[PDB]
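Geometric and topological summary
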Amino acid sequence: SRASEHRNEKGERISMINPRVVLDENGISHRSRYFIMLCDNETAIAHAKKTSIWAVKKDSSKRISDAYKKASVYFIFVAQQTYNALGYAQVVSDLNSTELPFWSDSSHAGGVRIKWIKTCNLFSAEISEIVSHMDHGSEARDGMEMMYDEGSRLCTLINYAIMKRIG
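Criteria and thresholds
Residues numbered from 1 in each chain as written, not as in the entry; some residues may be left out. Heavy atoms only, no water. Helix = DSSP H or I, 4+ residues; strand = E, 2+ residues; numbered from the N terminus. Buried < 20%, exposed > 50% of the residue type's maximum accessible area, 1.4 Å probe, protein only. Contact = heavy atoms within 4.5 Å. UniProt positions renumbered as here; feature names shortened; annotations may be inferred.

- Looking at the PDB entry, the protein carries the name YTH domain-containing protein mmi1, with the source organism given as Schizosaccharomyces pombe.

So, in structure tokens, the structure goes:
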């Protein structure tokens, strides 16, 4: 609990990576919010990367729409079996039950439009570690919200991994 007690002078929790970012007491930023998508279907991700659409499950739809209305929301995409990084995107529309992708099913409340920031298919060991511990030390649940510092690390690690493969 050295993260949870990392504070400014006023006792507000702050990010460990960016001290300018104030967090609530679950380590979440008011302005940039991050959700993990565990991808088990190569055809779905190929479709999502081409058409900039994703499906939101019923178990996480309410939290995701709450966040979309209050902050910038990002989805970080990771292969289910390996935690390979697949990319990250900003959510740029609210849930639309009419615009679901072909691969969705009754577990999904609706679709959202996204704007891709990075796309790749790469293993990053540090990405895998973060995802392995995202649910209070246990492995991530699909669609869960992560802490600001987790999202910021994942995005940088994806950016760095892509950058390094070009070289």
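Structure's up, so let's keep going.
1. Brief notes about the environment of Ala 140
- You can see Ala 140 is positioned in the loop between helix 3 (125-132) and strand 6 (145-146).
- Judged by relative accessible area, which is 10%, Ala 140 ranks as buried.
- Here the alpha-carbon distance between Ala 140 and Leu 38, two residues 102 residues apart in the chain, equals 8.4 Å.
- Look past the residues within four positions of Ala 140 in its chain and what remains in contact with it is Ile 36, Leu 38, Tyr 83, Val 131, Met 134 and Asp 135.

2. Here's the deal with the UniProt feature "domain: YTH" in the protein
- The UniProt record marks residues 32-158 with the feature "domain: YTH", using the residue numbering of this structure.
- Along residues 32-158 the backbone is 33% helical and 35% strand, and the end-to-end C-alpha distance reaches 17 Å.

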